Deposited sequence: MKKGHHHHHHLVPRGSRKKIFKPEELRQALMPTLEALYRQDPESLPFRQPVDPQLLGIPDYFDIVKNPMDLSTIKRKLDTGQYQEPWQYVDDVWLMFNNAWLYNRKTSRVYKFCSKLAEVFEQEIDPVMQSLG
């Protein structure tokens, strides 16, 4: 047993972290709201960017893995938490979106720890 200034390759991170991202995409219908960037104009919520200073969604995180924009695995993890925190901050606790956020966050919390241990 062993509970674990380092640099990983894009291929190393995709092999390790894409299966965790795919686990999120497979949660249906819970992932549908997180697949594309929030569009305040389409959704008629011009107050969105007054609460969320830094947008995040699954499509953005998929591009970053796919184009080698992550170098340490904690860079991927922070973006995913940014996505869930944004959603938890902006939406009311009673809304379907907040509860969808909570299910995704559970599913992420219960798979990322082992994956980190393997890197």
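Stretches of the deposited sequence left without coordinates are 1-6, 11-17, 133, in sequence order.
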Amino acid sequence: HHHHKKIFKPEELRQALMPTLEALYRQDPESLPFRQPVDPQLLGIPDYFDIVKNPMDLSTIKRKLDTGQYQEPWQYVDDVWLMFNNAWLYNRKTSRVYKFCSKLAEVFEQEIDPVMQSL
From here on, numbers count along this sequence of modelled residues.
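By rigid core we mean the largest C-alpha set that fits within 1.5 Å across both forms.
Superposition on the core shows that, in 9 other deposited structures of this protein, the C-alpha atoms drift more in one of 105-113 and 17-25; this is 105-113.
For the pair 83-91 and 65-73, the record assigns the higher mean C-alpha temperature factor to 65-73. For the segment pair 5-13 and 92-100, the entry gives 5-13 the higher mean B-factor, averaged over Cα atoms. When the CA B factors of the chain's modelled residues are split into thirds, the value for residue 42 lands in the highest one.
Residue 26: CA B factor lies in the middle third for its chain, per the PDB record.
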